[PDB]
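Containing compact mmCIF, C-alpha atoms and all ligand atoms: model_32.txt.
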```
# COMPACT_ATOMS: atom_id res chain seq x y z
CA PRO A 1 -16.17 -5.89 59.40
CA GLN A 2 -17.52 -7.92 62.33
CA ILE A 3 -16.95 -6.87 65.95
CA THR A 4 -17.29 -9.41 68.74
CA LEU A 5 -18.33 -8.28 72.22
CA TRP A 6 -15.72 -9.99 74.41
CA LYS A 7 -14.37 -6.47 74.99
CA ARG A 8 -15.85 -3.01 74.64
CA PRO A 9 -16.55 -2.21 70.95
CA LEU A 10 -14.13 0.72 70.74
CA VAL A 11 -13.28 2.18 67.34
CA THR A 12 -11.46 5.22 65.98
CA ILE A 13 -13.66 8.09 64.80
CA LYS A 14 -12.87 11.36 63.04
CA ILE A 15 -14.75 14.54 63.97
CA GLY A 16 -14.00 18.24 63.59
CA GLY A 17 -10.60 17.30 62.22
CA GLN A 18 -9.66 15.15 65.23
CA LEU A 19 -9.24 11.43 65.84
CA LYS A 20 -10.83 9.88 68.94
CA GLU A 21 -11.85 6.52 70.37
CA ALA A 22 -15.59 5.94 70.73
CA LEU A 23 -17.92 3.15 71.81
CA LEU A 24 -20.37 1.62 69.34
CA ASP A 25 -23.45 1.65 71.56
CA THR A 26 -26.72 0.10 70.37
CA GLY A 27 -28.32 1.14 73.67
CA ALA A 28 -27.76 4.85 72.97
CA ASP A 29 -30.45 6.68 71.00
CA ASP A 30 -28.05 9.57 70.42
CA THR A 31 -24.32 10.18 70.08
CA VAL A 32 -22.60 11.71 73.13
CA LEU A 33 -19.00 12.90 72.89
CA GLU A 34 -16.52 14.08 75.50
CA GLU A 35 -16.12 17.82 76.01
CA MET A 36 -14.78 19.52 72.89
CA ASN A 37 -14.95 23.05 71.50
CA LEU A 38 -16.82 22.49 68.25
CA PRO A 39 -17.64 25.67 66.30
CA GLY A 40 -21.11 26.91 65.42
CA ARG A 41 -24.40 27.27 67.24
CA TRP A 42 -25.84 24.73 69.67
CA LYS A 43 -28.85 24.16 71.91
CA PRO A 44 -28.87 23.04 75.57
CA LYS A 45 -30.15 19.55 76.27
CA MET A 46 -30.43 16.96 79.03
CA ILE A 47 -29.91 13.23 78.49
CA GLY A 48 -30.50 10.58 81.13
CA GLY A 49 -29.31 7.06 81.79
CA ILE A 50 -28.17 5.00 84.75
CA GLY A 51 -27.39 7.45 87.54
CA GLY A 52 -29.52 10.37 86.33
CA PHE A 53 -29.14 13.17 83.80
CA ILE A 54 -26.28 15.31 82.53
CA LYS A 55 -26.26 18.64 80.71
CA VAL A 56 -25.00 18.52 77.12
CA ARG A 57 -24.72 20.81 74.10
CA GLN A 58 -26.55 19.62 70.99
CA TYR A 59 -24.79 20.26 67.67
CA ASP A 60 -26.61 19.38 64.45
CA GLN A 61 -25.39 18.15 61.06
CA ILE A 62 -21.95 17.21 62.38
CA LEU A 63 -19.88 14.95 60.13
CA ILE A 64 -18.24 11.94 61.77
CA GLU A 65 -16.22 9.18 60.11
CA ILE A 66 -16.45 5.79 61.84
CA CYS A 67 -14.01 3.15 60.55
CA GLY A 68 -13.89 4.93 57.20
CA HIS A 69 -17.69 5.13 57.00
CA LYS A 70 -19.06 8.67 56.91
CA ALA A 71 -22.11 9.82 58.87
CA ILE A 72 -23.84 13.17 59.41
CA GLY A 73 -26.18 13.88 62.28
CA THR A 74 -26.72 15.31 65.72
CA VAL A 75 -23.88 15.13 68.26
CA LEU A 76 -24.27 15.87 71.97
CA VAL A 77 -21.21 17.29 73.76
CA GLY A 78 -20.85 17.27 77.53
CA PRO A 79 -19.19 15.72 80.57
CA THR A 80 -19.60 12.15 79.39
CA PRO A 81 -17.04 9.59 80.64
CA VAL A 82 -16.74 7.96 77.19
CA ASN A 83 -17.38 8.87 73.58
CA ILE A 84 -20.63 7.11 72.65
CA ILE A 85 -21.71 6.47 69.06
CA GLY A 86 -25.49 6.03 69.14
CA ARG A 87 -28.10 4.65 66.79
CA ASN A 88 -28.56 7.97 64.97
CA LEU A 89 -25.10 7.44 63.44
CA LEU A 90 -24.82 3.64 63.62
CA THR A 91 -27.75 3.28 61.20
CA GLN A 92 -25.94 5.48 58.67
CA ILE A 93 -22.86 3.21 58.56
CA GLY A 94 -25.01 0.10 58.03
CA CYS A 95 -24.47 -1.31 61.51
CA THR A 96 -26.58 -4.28 62.62
CA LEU A 97 -26.72 -6.72 65.51
CA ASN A 98 -26.52 -10.38 64.52
CA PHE A 99 -26.99 -13.63 66.44
CA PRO B 1 -31.58 -12.82 63.32
CA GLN B 2 -30.19 -9.58 61.89
CA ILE B 3 -31.38 -6.46 63.73
CA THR B 4 -31.18 -2.96 62.28
CA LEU B 5 -30.93 0.09 64.53
CA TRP B 6 -33.54 2.47 63.12
CA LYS B 7 -35.55 1.55 66.23
CA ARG B 8 -34.36 0.62 69.69
CA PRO B 9 -33.14 -3.04 69.63
CA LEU B 10 -35.82 -4.21 72.06
CA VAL B 11 -36.39 -7.95 72.49
CA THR B 12 -38.43 -10.20 74.74
CA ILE B 13 -36.56 -12.01 77.50
CA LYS B 14 -37.59 -14.71 79.97
CA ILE B 15 -36.10 -14.61 83.46
CA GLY B 16 -37.35 -16.26 86.64
CA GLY B 17 -40.18 -17.64 84.54
CA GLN B 18 -41.38 -14.11 83.71
CA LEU B 19 -41.44 -12.39 80.32
CA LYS B 20 -40.01 -8.89 79.97
CA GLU B 21 -38.80 -6.46 77.32
CA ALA B 22 -35.11 -5.55 77.30
CA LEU B 23 -32.62 -3.52 75.27
CA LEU B 24 -29.67 -5.15 73.52
CA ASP B 25 -26.96 -2.73 74.66
CA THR B 26 -23.44 -3.12 73.28
CA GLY B 27 -22.34 -0.13 75.37
CA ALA B 28 -23.18 -1.91 78.64
CA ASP B 29 -20.55 -4.17 80.20
CA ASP B 30 -23.19 -5.80 82.40
CA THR B 31 -26.88 -6.69 82.33
CA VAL B 32 -29.10 -4.48 84.49
CA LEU B 33 -32.82 -5.11 84.99
CA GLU B 34 -35.49 -3.00 86.67
CA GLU B 35 -36.62 -3.85 90.19
CA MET B 36 -37.97 -7.40 90.43
CA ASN B 37 -38.05 -10.43 92.72
CA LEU B 38 -35.50 -13.15 91.98
CA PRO B 39 -34.80 -16.26 94.09
CA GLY B 40 -31.40 -17.13 95.49
CA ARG B 41 -28.76 -15.18 97.35
CA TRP B 42 -27.60 -11.78 96.13
CA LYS B 43 -24.77 -9.41 96.99
CA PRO B 44 -25.09 -5.61 97.01
CA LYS B 45 -23.06 -3.93 94.29
CA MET B 46 -22.63 -0.57 92.59
CA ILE B 47 -22.50 0.34 88.90
CA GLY B 48 -21.92 3.68 87.20
CA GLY B 49 -23.63 5.09 84.14
CA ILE B 50 -23.86 8.38 82.26
CA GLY B 51 -25.38 10.22 85.23
CA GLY B 52 -23.59 8.58 88.17
CA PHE B 53 -23.74 5.42 90.26
CA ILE B 54 -26.69 3.34 91.44
CA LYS B 55 -27.04 0.53 93.98
CA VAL B 56 -27.95 -2.87 92.51
CA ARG B 57 -28.45 -6.44 93.67
CA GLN B 58 -26.09 -8.90 91.98
CA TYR B 59 -27.48 -12.32 91.04
CA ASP B 60 -24.96 -14.85 89.72
CA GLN B 61 -25.55 -17.81 87.39
CA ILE B 62 -29.13 -16.80 86.57
CA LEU B 63 -30.88 -18.47 83.66
CA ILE B 64 -32.14 -15.95 81.10
CA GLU B 65 -33.50 -16.60 77.60
CA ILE B 66 -33.00 -13.75 75.13
CA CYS B 67 -35.00 -13.87 71.89
CA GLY B 68 -35.02 -17.66 72.09
CA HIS B 69 -31.34 -18.01 73.07
CA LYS B 70 -30.40 -19.29 76.51
CA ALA B 71 -27.79 -17.64 78.73
CA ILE B 72 -26.62 -18.27 82.29
CA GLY B 73 -24.75 -15.40 83.89
CA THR B 74 -24.73 -12.36 86.12
CA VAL B 75 -27.84 -10.17 86.30
CA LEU B 76 -27.92 -6.88 88.21
CA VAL B 77 -31.27 -5.67 89.57
CA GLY B 78 -31.82 -2.04 90.46
CA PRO B 79 -33.29 1.37 89.56
CA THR B 80 -32.21 1.34 85.93
CA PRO B 81 -34.36 3.42 83.53
CA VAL B 82 -34.77 0.37 81.26
CA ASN B 83 -33.92 -3.33 81.14
CA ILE B 84 -30.55 -3.60 79.38
CA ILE B 85 -28.83 -6.75 78.12
CA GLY B 86 -25.08 -6.14 78.38
CA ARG B 87 -22.04 -7.75 76.81
CA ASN B 88 -21.71 -10.40 79.52
CA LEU B 89 -24.86 -12.02 78.07
CA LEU B 90 -24.66 -10.78 74.47
CA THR B 91 -21.48 -12.84 74.09
CA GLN B 92 -23.26 -15.95 75.38
CA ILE B 93 -25.95 -15.76 72.68
CA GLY B 94 -23.36 -15.20 69.93
CA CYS B 95 -24.22 -11.56 69.29
CA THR B 96 -21.86 -9.45 67.17
CA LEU B 97 -21.81 -6.02 65.58
CA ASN B 98 -21.55 -5.94 61.79
CA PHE B 99 -21.26 -3.17 59.20
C1 LIG C 1 -17.55 2.70 87.04
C2 LIG C 1 -18.58 2.96 85.92
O1 LIG C 1 -17.94 3.48 84.79
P1 LIG C 1 -18.18 5.07 84.37
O2 LIG C 1 -16.96 5.56 83.72
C3 LIG C 1 -19.59 5.17 83.15
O3 LIG C 1 -19.09 4.93 81.84
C4 LIG C 1 -20.10 4.67 80.88
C5 LIG C 1 -21.39 5.52 80.86
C6 LIG C 1 -22.48 5.24 79.81
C7 LIG C 1 -22.29 4.11 78.79
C8 LIG C 1 -23.41 3.83 77.75
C9 LIG C 1 -24.56 3.17 78.49
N1 LIG C 1 -23.98 2.06 79.21
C10 LIG C 1 -24.31 1.74 80.60
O4 LIG C 1 -24.97 2.45 81.27
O5 LIG C 1 -23.78 0.51 81.08
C11 LIG C 1 -23.89 0.19 82.55
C12 LIG C 1 -24.36 -0.93 82.63
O6 LIG C 1 -23.15 -1.85 82.40
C13 LIG C 1 -21.95 -1.05 82.86
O7 LIG C 1 -20.85 -0.85 81.63
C14 LIG C 1 -20.82 0.39 81.30
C15 LIG C 1 -21.42 1.13 82.48
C16 LIG C 1 -22.38 0.08 83.17
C17 LIG C 1 -25.61 2.62 77.50
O8 LIG C 1 -24.99 1.85 76.55
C18 LIG C 1 -26.35 3.79 76.81
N2 LIG C 1 -27.20 4.50 77.82
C19 LIG C 1 -28.67 4.32 77.70
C20 LIG C 1 -29.10 2.98 78.34
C21 LIG C 1 -28.83 3.03 79.84
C22 LIG C 1 -30.60 2.77 78.10
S1 LIG C 1 -26.67 6.11 78.21
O9 LIG C 1 -25.21 6.25 78.19
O10 LIG C 1 -27.01 6.50 79.59
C23 LIG C 1 -27.48 7.20 76.94
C24 LIG C 1 -26.75 7.51 75.63
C25 LIG C 1 -27.44 8.40 74.57
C26 LIG C 1 -28.85 8.95 74.83
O11 LIG C 1 -29.47 9.77 73.85
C27 LIG C 1 -30.58 10.53 74.27
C28 LIG C 1 -29.57 8.62 76.14
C29 LIG C 1 -28.89 7.74 77.20
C30 LIG C 1 -21.01 3.26 78.82
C31 LIG C 1 -19.91 3.55 79.87
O12 LIG C 1 -18.47 6.00 85.72
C32 LIG C 1 -19.76 6.50 86.01
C33 LIG C 1 -19.64 7.77 86.86
```
Would you mind writing the structure in this file as structure tokens?
Ligand SMILES: CCOP(=O)(COc1ccc(C[C@H](NC(=O)O[C@H]2CO[C@H]3OCC[C@H]32)[C@H](O)CN(CC(C)C)S(=O)(=O)c2ccc(OC)cc2)cc1)OCC
Amino acid sequence: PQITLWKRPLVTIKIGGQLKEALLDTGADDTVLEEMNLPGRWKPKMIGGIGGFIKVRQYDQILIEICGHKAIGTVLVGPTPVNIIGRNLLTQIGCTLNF
Amino acid sequence: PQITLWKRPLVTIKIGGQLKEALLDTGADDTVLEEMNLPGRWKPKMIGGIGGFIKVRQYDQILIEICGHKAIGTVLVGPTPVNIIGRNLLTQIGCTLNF
């Protein structure tokens, strides 16, 4: 499909057996999801943007389905205000910018 | 053009007669540029990101050319980690997400 940018590009994702709304974010290197109790091991990490840095938990090889397109990669979990789908997963679903 | 996301979607912009590099950021509502001198009046404003809020200077109806495409809109200037082109201007240049 094609998504215009009049409004926030919010889509439904599926992760860890749960449906959520997430933002398709070409300005995000990595994927950052709201607090959730995913199973398995993780590693502490800090990511920064406007306003400073936040602490997150890095989970690897997590499967996410974005609009029916599957993707496997690293997911950061922490006190983010919004679920953010970053380039590490956007590339896997064939997402491009076009103008 | 069509832009893949294996690398950061960085493009050259021209604002106030000066060339800069900026990030096409579909997760940003607004356009935020690093500290710089712009002519005309400005109003102090605040915007919030992943790590909290920052103080910016709001410039309205500013000419800005993004990868050869002209836009006239709001540009925020402040201590952002990187120049980001947000949806307010991405819509003006006809930018969409596609997968
Ligand atoms: C009132 C303000 O609303 P809020 O609920 C913040 O809600 C957000 C936070 C972050 C994003 C993604 C980034 N957008 C954003 O900051 O937009 C700004 C500018 O326009 C406004 O619209 C949304 C918030 C303004 C951007 O797209 C990606 N960032 C990097 C970029 C700044 C270079 S990031 O989120 O900081 C990031 C993601 C993954 C990473 O992997 C290592 C690193 C960094 C969207 C909405 O309250 C704050 C306390």
Extending 4 Å beyond the listed atoms of ligand LIG 1 (chain C) on each side, what axis-aligned box results? I want centre and edge lengths in Å to one decimal, as JSON.
```
{"center_x": -23.8, "center_y": 4.3, "center_z": 80.4, "size_x": 21.6, "size_y": 20.4, "size_z": 21.2}
```
At most 6 Å from ligand LIG 1 (chain C) (all atoms listed in the file): residue list as an mmCIF file with C-alpha atoms, keeping the file's coordinate frame:
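This is the output file selection_22.cif:
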```cif
data_model
loop_
_atom_site.group_PDB
_atom_site.id
_atom_site.type_symbol
_atom_site.label_atom_id
_atom_site.label_comp_id
_atom_site.auth_asym_id
_atom_site.auth_seq_id
_atom_site.Cartn_x
_atom_site.Cartn_y
_atom_site.Cartn_z
ATOM 1 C CA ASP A 25 -23.450 1.650 71.560
ATOM 2 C CA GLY A 27 -28.320 1.140 73.670
ATOM 3 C CA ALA A 28 -27.760 4.850 72.970
ATOM 4 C CA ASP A 29 -30.450 6.680 71.000
ATOM 5 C CA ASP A 30 -28.050 9.570 70.420
ATOM 6 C CA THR A 31 -24.320 10.180 70.080
ATOM 7 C CA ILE A 47 -29.910 13.230 78.490
ATOM 8 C CA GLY A 48 -30.500 10.580 81.130
ATOM 9 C CA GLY A 49 -29.310 7.060 81.790
ATOM 10 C CA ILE A 50 -28.170 5.000 84.750
ATOM 11 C CA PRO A 81 -17.040 9.590 80.640
ATOM 12 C CA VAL A 82 -16.740 7.960 77.190
ATOM 13 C CA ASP B 25 -26.960 -2.730 74.660
ATOM 14 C CA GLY B 27 -22.340 -0.130 75.370
ATOM 15 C CA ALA B 28 -23.180 -1.910 78.640
ATOM 16 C CA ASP B 29 -20.550 -4.170 80.200
ATOM 17 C CA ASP B 30 -23.190 -5.800 82.400
ATOM 18 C CA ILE B 47 -22.500 0.340 88.900
ATOM 19 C CA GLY B 48 -21.920 3.680 87.200
ATOM 20 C CA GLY B 49 -23.630 5.090 84.140
ATOM 21 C CA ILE B 50 -23.860 8.380 82.260
ATOM 22 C CA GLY B 52 -23.590 8.580 88.170
ATOM 23 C CA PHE B 53 -23.740 5.420 90.260
ATOM 24 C CA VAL B 82 -34.770 0.370 81.260
#
```
*asked:* Residues of chain B within 10 Å of chain A, counting all atoms listed in the file, what are they? List them as a ChimeraX atom specification.
replied: /B:1-10,23-29,32,47-55,67,69,78-82,84-99
*Work out how far apart atom CA of residue 38 of chain B and atom CA of residue 65 of chain B are and give it in Å to one decimal.*
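That distance, rounded to one decimal, is 14.9 Å.
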Just fit chain B onto chain A on all the Cα atoms, in order, by least squares, and give it as a compact mmCIF listing (two decimals) with C-alpha atoms, keeping the file's coordinate frame.
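Output file out09.txt is given in full below:
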```txt
# COMPACT_ATOMS: atom_id res chain seq x y z
CA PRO B 1 -16.31 -5.46 59.43
CA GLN B 2 -17.69 -7.98 61.93
CA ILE B 3 -17.01 -7.04 65.57
CA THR B 4 -17.22 -9.50 68.45
CA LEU B 5 -18.03 -8.34 71.97
CA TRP B 6 -15.40 -10.06 74.11
CA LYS B 7 -13.83 -6.59 74.37
CA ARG B 8 -15.48 -3.19 74.36
CA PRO B 9 -16.42 -2.29 70.73
CA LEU B 10 -14.07 0.70 70.63
CA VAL B 11 -13.32 2.32 67.27
CA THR B 12 -11.51 5.39 66.01
CA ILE B 13 -13.65 8.31 64.89
CA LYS B 14 -12.83 11.59 63.16
CA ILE B 15 -14.85 14.67 64.11
CA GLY B 16 -13.99 18.33 63.61
CA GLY B 17 -10.79 17.13 62.00
CA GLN B 18 -9.72 15.42 65.24
CA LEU B 19 -9.25 11.70 65.89
CA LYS B 20 -10.85 10.12 68.96
CA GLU B 21 -11.80 6.73 70.36
CA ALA B 22 -15.49 5.96 70.81
CA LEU B 23 -17.77 3.11 71.86
CA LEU B 24 -20.30 1.58 69.48
CA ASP B 25 -23.31 1.58 71.80
CA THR B 26 -26.54 -0.05 70.64
CA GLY B 27 -28.15 0.87 73.97
CA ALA B 28 -27.71 4.61 73.32
CA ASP B 29 -30.39 6.44 71.34
CA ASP B 30 -28.01 9.34 70.72
CA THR B 31 -24.30 10.02 70.27
CA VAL B 32 -22.60 11.66 73.25
CA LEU B 33 -18.97 12.80 73.21
CA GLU B 34 -16.74 14.08 76.00
CA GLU B 35 -16.11 17.81 76.35
CA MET B 36 -14.58 19.29 73.20
CA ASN B 37 -14.64 22.38 71.00
CA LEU B 38 -16.86 22.19 67.91
CA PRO B 39 -17.66 25.04 65.49
CA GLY B 40 -21.17 26.19 64.70
CA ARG B 41 -24.19 27.02 66.80
CA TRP B 42 -25.38 24.69 69.54
CA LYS B 43 -28.46 24.42 71.73
CA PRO B 44 -28.41 23.32 75.38
CA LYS B 45 -30.10 19.98 75.95
CA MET B 46 -30.50 17.30 78.60
CA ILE B 47 -30.12 13.52 78.38
CA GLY B 48 -30.65 10.82 80.99
CA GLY B 49 -28.59 7.72 81.63
CA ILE B 50 -28.30 4.98 84.23
CA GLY B 51 -27.39 7.41 87.01
CA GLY B 52 -29.49 10.46 86.11
CA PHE B 53 -29.45 13.41 83.74
CA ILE B 54 -26.58 15.54 82.43
CA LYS B 55 -26.44 18.83 80.55
CA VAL B 56 -25.08 18.60 76.99
CA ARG B 57 -24.52 20.84 73.99
CA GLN B 58 -26.42 19.70 70.90
CA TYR B 59 -24.67 20.03 67.53
CA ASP B 60 -26.78 19.24 64.46
CA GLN B 61 -25.64 18.01 61.03
CA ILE B 62 -22.05 17.39 62.15
CA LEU B 63 -19.76 15.37 59.91
CA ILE B 64 -18.30 12.34 61.70
CA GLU B 65 -16.37 9.41 60.22
CA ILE B 66 -16.68 6.15 62.15
CA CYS B 67 -14.20 3.38 61.31
CA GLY B 68 -13.95 4.73 57.77
CA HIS B 69 -17.70 5.29 57.31
CA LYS B 70 -19.07 8.81 57.00
CA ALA B 71 -22.10 10.07 58.92
CA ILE B 72 -23.76 13.47 59.23
CA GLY B 73 -26.05 13.87 62.21
CA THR B 74 -26.62 15.05 65.75
CA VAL B 75 -23.73 14.95 68.23
CA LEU B 76 -24.17 15.76 71.92
CA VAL B 77 -21.16 17.10 73.84
CA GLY B 78 -21.01 16.90 77.61
CA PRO B 79 -19.65 15.20 80.75
CA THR B 80 -20.16 11.64 79.54
CA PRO B 81 -17.81 9.02 81.06
CA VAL B 82 -16.84 7.86 77.55
CA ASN B 83 -17.41 8.76 73.90
CA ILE B 84 -20.44 6.76 72.76
CA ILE B 85 -21.73 6.31 69.20
CA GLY B 86 -25.50 5.89 69.44
CA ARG B 87 -28.15 4.52 67.11
CA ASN B 88 -28.71 7.84 65.35
CA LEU B 89 -25.27 7.36 63.74
CA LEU B 90 -25.00 3.56 63.84
CA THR B 91 -27.93 3.43 61.42
CA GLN B 92 -26.16 5.82 59.04
CA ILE B 93 -23.11 3.55 58.74
CA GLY B 94 -25.27 0.46 58.18
CA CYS B 95 -24.58 -1.15 61.54
CA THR B 96 -26.72 -4.09 62.67
CA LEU B 97 -26.76 -6.64 65.46
CA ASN B 98 -26.43 -10.28 64.40
CA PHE B 99 -26.51 -13.60 66.24
```
_Contact residues around residue 56 of chain A with all atoms listed in the file at 6 Å, ignoring same-chain residues under 3 positions, as a list in words_ = residues 45, 46, 76, 77 and 78 of chain A
*Distance query residue 59 of chain A at most 6 Å, only C-alpha atoms, self and fewer than 2 positions along chain excluded, as a PyMOL selection string*: chain A and resi 42+74-75
*Quote the spacing between atom CA of residue 41 of chain A and atom CA of residue 22 of chain A in Å to one decimal place.*
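Distance reported for this atom pair: 23.3 Å.
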*Pick out the residues sitting within 8 Å of residue 21 of chain B, and hand them over as a PyMOL selection string; count all atoms listed in the file, and ignore anything fewer than 6 positions along from it in its own chain.*
chain B and resi 10-13+83
Hey, can you spit out that residue selection with C-alpha atoms as a PDB file, in the frame of the given file?
```
ATOM      1  CA  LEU B  10     -35.820  -4.210  72.060  1.00  0.00           C
ATOM      2  CA  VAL B  11     -36.390  -7.950  72.490  1.00  0.00           C
ATOM      3  CA  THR B  12     -38.430 -10.200  74.740  1.00  0.00           C
ATOM      4  CA  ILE B  13     -36.560 -12.010  77.500  1.00  0.00           C
ATOM      5  CA  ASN B  83     -33.920  -3.330  81.140  1.00  0.00           C
TER       6      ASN B  83
END
```
*Provide the atom CA of residue 40 of chain B to atom CA of residue 66 of chain B distance in Å, to one decimal place.*
20.7 Å
*Using all atoms listed in the file: which of B:73, B:68, B:57, B:63 has the shortest distance to residue 35 of chain B*: B:57
